[PDB]
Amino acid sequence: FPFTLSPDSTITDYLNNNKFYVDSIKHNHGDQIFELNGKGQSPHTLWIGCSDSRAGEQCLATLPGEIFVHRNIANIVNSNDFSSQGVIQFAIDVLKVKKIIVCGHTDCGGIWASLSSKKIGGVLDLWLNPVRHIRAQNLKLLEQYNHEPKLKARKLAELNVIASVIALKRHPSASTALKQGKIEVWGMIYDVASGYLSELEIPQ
């Protein structure tokens, strides 16, 4: 009801809110935006975030052709995952992006699951292992957040974003581009209960 679509929504329902979209841009910006999207893309930023339906890059309200997006569970950058590492290769080599964002978010069930032992099944257990490694690397800290669980999940969330950062900093194309200074990289948290973005201090 409050959301724009519903599970009962018919195919044409979806296409209607698409017809809107098209209409909305053609009013605020005319045909210029779509003439450029058809010619080519020159995005200034690549977004690496979690697949959560609330933490999408929509939180930056951008026109198409501006943000290169990659989204998976728990916004993890695994060096041994050809999906992410391949995106980085293209974002830097060909498009020459000028800013890379990796964004976790509050209420990331992928984090709350990592703090649990209850096996999940299928690939998720293995896919979430890189965060479990953080849970162990920083328990001496995390154990203190016992009676305050919400703060526990937030801290591990930030650490996961920090880990995903250092992982992307070690990518050859990213490493070669930083030392030259032609790229910036930021870490951020999307607060799901407020819509605001918070930058994360990144250690060296």
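Numbering starts at 1 and follows the sequence shown.
Higher average CA B factor: 117 to 125, of the stretches 67 to 75 and 117 to 125. With 150 to 158 and 53 to 61 compared on mean CA B-factor from the PDB entry, the stretch scoring higher is 150 to 158.
Comparing C-alpha B-factors across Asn18, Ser24, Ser194, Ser9 in the deposited entry, the largest value falls on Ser9.
Annotation for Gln89: CA B-factor lies in the middle third of the chain's modelled residues.
When the modelled residues of the chain are ordered by their C-alpha B factor, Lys98 lands in the highest third. Among the modelled residues of its chain, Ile166 has a C-alpha B-factor that falls in the middle third, as given in the PDB entry. When the modelled residues of the chain are ordered by their C-alpha B factor, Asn28 lands in the middle third. The deposited CA B-factor of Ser198 belongs to the middle third of values across its chain.
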